[PDB]
Amino acid sequence: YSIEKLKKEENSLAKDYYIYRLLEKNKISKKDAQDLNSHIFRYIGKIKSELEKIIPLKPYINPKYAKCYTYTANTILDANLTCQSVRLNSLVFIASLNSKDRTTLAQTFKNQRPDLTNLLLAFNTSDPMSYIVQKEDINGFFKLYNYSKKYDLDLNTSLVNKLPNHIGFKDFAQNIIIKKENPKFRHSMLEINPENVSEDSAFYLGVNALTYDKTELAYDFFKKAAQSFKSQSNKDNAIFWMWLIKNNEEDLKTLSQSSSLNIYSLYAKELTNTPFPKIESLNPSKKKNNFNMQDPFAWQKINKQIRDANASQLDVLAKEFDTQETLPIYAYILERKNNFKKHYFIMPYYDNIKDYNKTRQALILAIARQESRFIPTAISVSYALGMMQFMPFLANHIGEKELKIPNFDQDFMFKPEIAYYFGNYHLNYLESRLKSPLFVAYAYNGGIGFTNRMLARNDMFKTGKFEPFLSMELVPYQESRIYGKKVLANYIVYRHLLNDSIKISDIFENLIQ
Ligand SMILES: CC(=O)N[C@H]1[C@H](Oc2ccc([N+](=O)[O-])cc2)O[C@H](CO)[C@@H](O[C@@H]2O[C@H](CO)[C@@H](O)[C@H](O)[C@H]2NC(C)=O)[C@@H]1O
């Protein structure tokens, strides 16, 4: 498709993908590129940097403050007061000033903007963080953290219990706990009252407490997380930790009876001799409809409809897509419809995998459910493609260099036979080196380099009181941490559906090296 034809489609990730393909092949002229940011659904990452090699963006500085941006650190004392305060939003600008001018400006702003006064006078010391911490200036603290992660200091009980009220807190807590940085910040966050935190923050503070073997504080944080989490899946994760720490059998019972299917509820069910959860059986009698499952633009449009449909319209759409050809769309609608409460684990295009052994079938299906929900023309915000969500680079390496498919194009990843074939091929490479389906999942999503580096550490997936569960909470990329948990559940389930059951307890035993 030419640019003129793309311009006629609605804005979507598929349209972006195809504009991106033109850009990377140098087929977009400077003239085509004029009206073009208005044609881009999500102007972020590679499509933006590529478009900006043809047409840089001047923007942006707001017309009201333009004069403020004609001053430098050497002339900021000649700027009016508004201009001074605007430029002092930047800590780099503050760091750049000389100390005499930080004193002058600190006094200028003492009454009206003591937040600026504190940062100015902080930067006249050899440790701005320590100055800010002594004032208990909370906004100042997060501005400094964002300017530099390298500041690290012990924080008293009063100060740390103020940090959770700021929007920055959640990312701050997660970042330092998962990356094992800022040891003094980390230790200090043991004294946060569980009453002052909730949800993810409370959960991460529970993980923090375990790293210091404060099992009682950890319980209290996880319990607060369990009570406040919005998602049943996250709640189950929190209850699991409550159980593992204190072993109250009401916690395990509550976890075993969860309506969310996840590794924690699965494991609880196995520990209590509770039956495997019920899996819906979708078998439409109708064989096809009008819909093109190979048209990525048609998927973008129907997906927008489904995500915007009221309860009543989802019923109309469920009926229309209740065919064998559109089974992945049927199941997507039903999963959307029933409030994430019935369990849908379909096996589409099964002919292409029925010859692999059943364990391999289940790993493939497990990956595809998380990657795409089996939508053949699925496209990610990073333009990973098809049911198995291959990055174009790897798709081209396998397709052209390794398998020498004649006239290979990366869009072949939109074909189920290709998606499953390449997925099998890549999963053999990963599994040969990693063994565990959990490790394979991490490597599939985040790369084998990152996975090998995690497994080479002394403190990850080794022996320990709370292993391997603790390690699974400390996987350094969030996306991959979540992905692995999800794919592993899927794997258990599909192994069960294929009459190739395994106990999730055996999977967990094999994670400890
Ligand atoms: C919270 C959660 O798990 N969300 C997932 C979502 O889950 C549901 C979807 C619909 C319904 N529904 O209809 O109710 C219910 C749940 O499915 C997406 C696939 O469609 C997953 O996207 C994929 O994420 C991968 C990393 O995990 C990434 O490698 C893939 O490139 C990416 N694929 C796409 C097309 O961008 C989401 O993460």
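Give a quick list of trypsin sites (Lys or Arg not before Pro) in the stretch 293-376 that DSSP marks as loop, anything other than H, G, I, E or B, with at most 11 other Cβ atoms within 10 Å.
Here the sparse-neighbourhood loop sites are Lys341, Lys354.
Take the Cβ-Cβ distance between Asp351 and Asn146 as r, set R0 to 41 Å, and report the resulting FRET efficiency rounded to the nearest 0.05.
Result of the calculation: an efficiency of 0.20.
Cβ under 14 Å from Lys179's Cβ, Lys179 left aside: what net charge do those residues give with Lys, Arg +1 and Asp, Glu -1?
For residues surrounding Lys179, the net value is +2.
Ignoring everything except DSSP H segments at least 4 long, calculate the 222 nm mean residue ellipticity for the chain; use -39,500 (n - 2.57) per segment, divide by total residues, nearest 500.
-16000 deg cm²/dmol
Quick check: the distance between the Cα centres of the stretch 116-161 and the stretch 1-63, to the nearest angstrom?
Value for the Cα centre distance between the two parts: 42 Å.
Taking the alpha-carbon centroid of each part, what is the distance from the stretch 404-445 to the stretch 477-510 in angstrom?
18 Å
DSSP loop trypsin sites (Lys or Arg not before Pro) in the stretch 382-436 with at most 15 other Cβ atoms within 10 Å of their Cβ, which ones?
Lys404, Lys435
Report the number of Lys pairs in the stretch 32-103 whose alpha-carbons are under 25 Å apart, with separation of 8 or more residues or on distinct chains.
Qualifying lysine pairs in the stretch 32-103: 4.
Relative to the longest principal Cα axis of the chain, at what angle does helix 99-108 sit, 0 to 90 degrees, rounded to 10?
For 99-108 against the chain, the angle is about 90 degrees.
Do any trypsin sites (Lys or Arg not before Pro) in the stretch 96-141 lie in a DSSP loop with no more than 14 other beta carbon atoms within 10 Å, and if so, which?
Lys110
If amide H atoms are built 1.01 Å from N in the plane of the peptide, which residues on other chains or at least 5 residues away come under 5 Å of the amide H of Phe390?
Under 5 Å from the amide H of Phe390: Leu385.
Could you tell me the calculated FRET efficiency between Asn98 and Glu467, based on Cβ-Cβ distance and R0 = 56 angstrom, to the nearest 0.05?
Efficiency at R0 = 56 Å is approximately 0.60.
What longest region of the chain stays clear of chymotrypsin sites (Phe, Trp or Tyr not before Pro) that DSSP places outside H, G, I, E and B and that have at most 12 other Cβ atoms within 10 Å?
Answer from the scan: 66-513.
Kindly write out, for the stretch 253-259 in residue order, the coupling ³J(HN,Hα) from the Karplus curve 6.51 cos²θ - 1.76 cosθ + 1.60 (θ = phi - 60°), rounded to whole Hz, with x marking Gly and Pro.
Values per residue, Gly and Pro as x: 5, 3, 5, 4, 9, 4, 7 Hz.
Provide the net charge surrounding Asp251, with neighbours chosen by a C-beta distance below 12 Å and charges set as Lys +1, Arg +1, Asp -1, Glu -1.
Neighbourhood net charge equals +1.
Please check which bits of the stretch 387-420 a label hung off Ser432 would reach, taking the label as a point 7 Å along Cα-to-C-beta and the cut-off as backbone N under 11 Å.
Label zone hits: none.
Taking θ = phi - 60°, what integer Hz values does the Karplus form 6.51 cos²θ - 1.76 cosθ + 1.60 yield along the stretch 209-219, in sequence order, with x for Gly and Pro?
My calculation for the stretch 209-219 gives 4, 4, 4, 9, 6, 9, 5, 4, 4, 5, 3 Hz in order.
Can you give me the long-range amide H partners of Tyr477? Hydrogens built in the peptide plane at 1.01 Å from N, cutoff under 5 Å, separation of 5 or more residues or another chain.
Long-range HN contacts for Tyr477: none found.
We did not get these values from a lab; they are worked out from the coordinates using the rules stated. Here Cβ is always computed from backbone atoms with ideal geometry, including for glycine, and neighbour counts include all displayed protein chains.
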